[PDB]
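Breakdown of the fold
Each chain is listed here by its residues.
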Amino acid sequence: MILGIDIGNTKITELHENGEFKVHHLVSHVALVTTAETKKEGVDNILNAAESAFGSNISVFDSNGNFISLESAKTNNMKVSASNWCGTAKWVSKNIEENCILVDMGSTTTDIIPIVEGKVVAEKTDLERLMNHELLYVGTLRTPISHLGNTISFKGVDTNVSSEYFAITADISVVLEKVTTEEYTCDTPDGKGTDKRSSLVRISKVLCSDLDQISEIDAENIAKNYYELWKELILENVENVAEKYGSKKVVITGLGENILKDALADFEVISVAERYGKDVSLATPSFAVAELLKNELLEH
Amino acid sequence: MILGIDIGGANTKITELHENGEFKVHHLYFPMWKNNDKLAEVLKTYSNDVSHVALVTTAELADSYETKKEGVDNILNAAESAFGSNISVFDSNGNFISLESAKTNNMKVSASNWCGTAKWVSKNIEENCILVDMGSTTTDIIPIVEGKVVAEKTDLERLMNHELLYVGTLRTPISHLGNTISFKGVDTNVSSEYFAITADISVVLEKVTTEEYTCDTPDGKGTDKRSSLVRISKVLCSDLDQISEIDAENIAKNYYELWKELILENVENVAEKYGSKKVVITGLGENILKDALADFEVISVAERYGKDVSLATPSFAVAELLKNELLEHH
């Protein structure tokens with residue numbers, strides 16, 4: 001009975017014992033990964049809090065795909081902060097495909113990480129990944145819509161759009177049914193509802209208009225056209241990485257799987273939600289570090 | 001002395017235009033969503049010397065939770081308590097109407113930030129040209145044909161016809177200019193987070209002065225070039241420990257190119273449609289506009305009337321339009 005703990009909200013995966021697993025949103029071994037005013041205070045809080053009900057049997061998955069024991073993370077806290085893709089990438093390279101591209105999209109960013117010969121070959125820092133099509137700052141929920149493009153086709157004409165914070169990808173996702181209303185968990189830009197109509201109201205403000213000047217069908221069309229711009233952003237980046245590493249297989253996961261599938265039809269797609277369930281797909285890092293800890297402790 | 005008063009949502013601009021042509025522009029903080037006592041007080045200092053007043057309200061303030069009637073009524077009452085019936089209100093249609101006419105037809109009082117300026121240009125500057133006014137947030141590209149302003153009616157229609165562009169000198173989030181930028185020779189994706197704005201680019205490239213970076217900084221830090229480069233570096237999820245000052249300035253220069261191109265393309269489209277080669281520029285962003293529209297025949301409000309007028313054109317414009325009507329029979 002080993003647990004996979006991803007503190008960012010927090011997700012827990014109960015692994016081991018023939019394979020009996022389950023995840024929950026908020027034990028002999030615990031894999032601790034943190035994807036979440038100096039950033040050394042919270043680090044101690046997390047570490048010390050972990051010791052409380054888990055003891056010393058805690059393995060921390062650092063910035064790299066390396067598992068460091070406790071106290072090692074207490075000494076040099078500059079390794080505790082980990083990405084939301086490193087753990088998943090490691091897991092994929094040893095349990096799904098050794099030659100592929102992992103594409104994960106959360107509420108804010110999309111990670112496109114090449115895996116070659118079983119090893120993760122993505123660049124290190126965020127800057128380096130932005131420079132190599134391995135980090136795309138578009139997410140399922142929090143992306144301001146004009147980041148997808150400052151012009152949009154509206155009623156057949158290329159139209160300029162507002163730069164003000166009015167609508168986000170969450171609005172597009174709900175209107176196009178790529179995520180449920182319940183999955184629109186971030187704050188709405190105007191402090192109002194997450195239902196479709198409320199989302200259409202927000203989207204209409206992008207064109208300095210409202211649902212009195214334009215119809216709901218017109219507004220929905222704005223969402224549809226932005227969705228295609230969004231798909232292209234995902235596709236172009238994955239293609240660039242694929243062209244350099246010769247990979248054709250893509251493993252997708254995260255809240256944005258539906259969007260990922262739509263954008264990457266040109267590739268051989270392997271869905272985490274389809275192979276391990278939607279729960280794992282929504283809590284991949286926690287499940288990943290759980291499987292990884294198992295194999296490493298089984299190395300004995 | 002003629003007074004041109006432009007009441008915005010939070011800031012009021014007053015132009016004192018003297019008979020000899022000398023002028024002075026005053027600035028006053030006056031939130032329209034609250035009581036009008038301060039406005040009334042300031043306007044009263046002109047009560048016994050001024051009888052010719054041009055008043056315009058350009059307040060947009062999107063959702064201010066206040067009816068148009070109360071907003072207009074409060075402004076008109078503050079002005080009336082100082083000048084009585086001696087007030088000419090510039091309405092949305094670009095015409096001067098009486099104080100009583102404004103009260104009655106309150107729904108037609110509030111004007112766009114460019115309405116007065118465009119009409120003034122059409123009368124006092126050039127009858128066939130394109131007005132390009134870039135303030136802190138938007139860029140208005142308004143065609144003037146045969147002395148008549150012929151821009152589209154609504155903002156949506158202007159967005160569909162290259163007459164409204166959401167790029168400004170200070171408040172534009174940098175990624176709105178483009179979600180990728182050339183860096184060290186390769187196409188680089190950029191953050192969507194609110195970390196840097198056009199004000200940062202403007203200060204770093206000296207298109208505006210540090211004192212002119214009047215909006216809040218994204219991180220609440222300094223408005224100096226160093227602090228601006230720090231914010232700009234965040235757009236590529238970096239910092240001045242990972243990249244250099246030269247690197248950060250290169251990010252700013254590359255974005256400046258995208259920014260100028262956005263302005264140019266929009267102005268070119270309006271110009272090609274009307275066949276005009278003359279552009280009249282104004283607003284805090286004149287330095288950027290001069291660079292972007294270098295190939296056009298440029299007429300600068302700042303050069304012809306001074307920096308203050310360029311940064312408060314609406315108030316000056318209605319003062320001039322009032323002067324025109326007055327001189328009509330002098």
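Criteria and thresholds
- Residues numbered from 1 in each chain as written, not as in the entry; some residues may be left out.
- Chains lettered and ligands numbered in written order.
- Heavy atoms only, no water.
- Helix = DSSP H or I, 4+ residues; strand = E, 2+ residues; numbered from the N terminus.
- Rg over C-alpha atoms; globule rule 2.2 N^0.38 Å.
- Buried < 20%, exposed > 50% of the residue type's maximum accessible area, 1.4 Å probe, protein only.
- Contact = heavy atoms within 4.5 Å.
- Expected span 1.5 Å × (residues − 1).
- Domains from an automatic or database assignment.
- Buried area = accessible area lost by both parts, 1.4 Å probe.
- Salt bridge = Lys/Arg side-chain N within 4 Å of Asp/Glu carboxyl O.
- Polar contact = N/O pair within 3.5 Å; in protein donor to acceptor, adjacent residues only side chain to side chain.
- Nonpolar A, V, L, I, M, F, W, Y, C, P; charged D, E, K, R; others polar.

**Things to note about the overall build of chain B**
From N to C terminus, chain B includes 12 helices and 14 strands. What you see for chain B is a C-alpha radius of gyration of 21 Å, in line with the 20 Å of a compact globule of 330 residues. Expressed along its principal axes, the backbone C-alpha trace of chain B runs to roughly 65 × 45 × 35 Å. Relative to its full complement of 330 residues, chain B shows a buried share of 54%. Residue pairs at least 24 apart in sequence account for 60% of intrachain contacts in chain B once pairs closer than 6 positions are excluded.

**Overview of helix α11 (residues 284-297) of chain A**
Three- or four-residue spacings in an α-helix give side chains the same orientation, since the helix completes a turn every 3.6 residues. Residue and element names in this part refer to chain A. Its 14 residues place the ends of α11 20 Å apart at the C-alpha level, agreeing with the 20 Å of an ideal helix rising 1.5 Å per residue. The buried fraction of α11 amounts to 10 of the 14 residues, a majority that puts the element mostly inside the structure. For α11, the complete set of buried residues consists of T284, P285, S286, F287, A288, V289, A290, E291, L292 and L293.

**Some words on the domain arrangement of chain B**
Residue and element names in this part refer to chain B. Structurally, chain B comprises domain 1 (2-111) and domain 2 (112-330). A separation of 26 Å is found between the C-alpha centroids of domain 1 and domain 2. At the junction of the two partners, domain 1 supplies 24 residues and domain 2 supplies 20 residues. Summing the contributions of domain 1 and of domain 2, the shared interface buries around 1700 Å²; its carbon and sulfur component is 76%. Of all residues in domain 1, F23, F90 and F96 bury the most surface against domain 2, accounting for 26% of the area lost on that side. Taken together, domain 1 and domain 2 are joined by 0 salt bridges. Between the two partners, domain 1 and domain 2, sit 3 residue pairs in polar contact. Mapped by element, the contributors of at least two residues to the side of domain 1 that touches domain 2 are β1 (2-7), β2 (11-17), β3 (23-29), β4 (52-57) and β5 (88-90).

**A few points about the domain arrangement of chain A**
Residues and elements named next belong to chain A. If you check the domain split of chain A, you get domain 1 (2-82) and domain 2 (83-300). Taken over C-alpha atoms, the centre of domain 1 sits 26 Å from the centre of domain 2. Across the interface of domain 1 and domain 2, roughly 1800 Å² is buried in total on both sides, 75% from carbon and sulfur atoms. Broken down residue by residue, the surface that domain 1 buries against domain 2 is led by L15, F61 and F67, which jointly contribute 25%. The interface formed by domain 1 and domain 2 holds 0 salt bridges in total. At the boundary of domain 1 with domain 2, the tally comes to 4 residue pairs in polar contact. Within the side of domain 1 that touches domain 2, the residues separate by chemical class into 11 nonpolar, 10 polar and 3 charged.

**Quick look at the environment of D195 of chain A**
Residues and elements named next belong to chain A. Along the chain, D195 turns up in the loop between α5 (169-175) and α6 (196-205). Once the C-alpha coordinates of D195 and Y184 are considered, the two residues, 11 residues apart in sequence, prove to be 9.1 Å apart. Setting aside residues no more than four positions away along its own chain, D195 makes contact with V174 and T181. A distance of 3.3 Å separates a polar atom in the side chain of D195 from the backbone nitrogen of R197.

**Describing the interface of chain B and chain A**
The interface is formed by 34 residues belonging to chain B together with 35 residues belonging to chain A. Across the chain B/chain A interface, buried area totals approximately 2800 Å², and carbon plus sulfur atoms make up 56% of it. Of all residues in chain B, the largest losses of buried area upon contact with chain A belong to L156, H176 and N189 of chain B, amounting jointly to 23% of the total for that side. Here chain B and chain A share 2 salt bridges between them.

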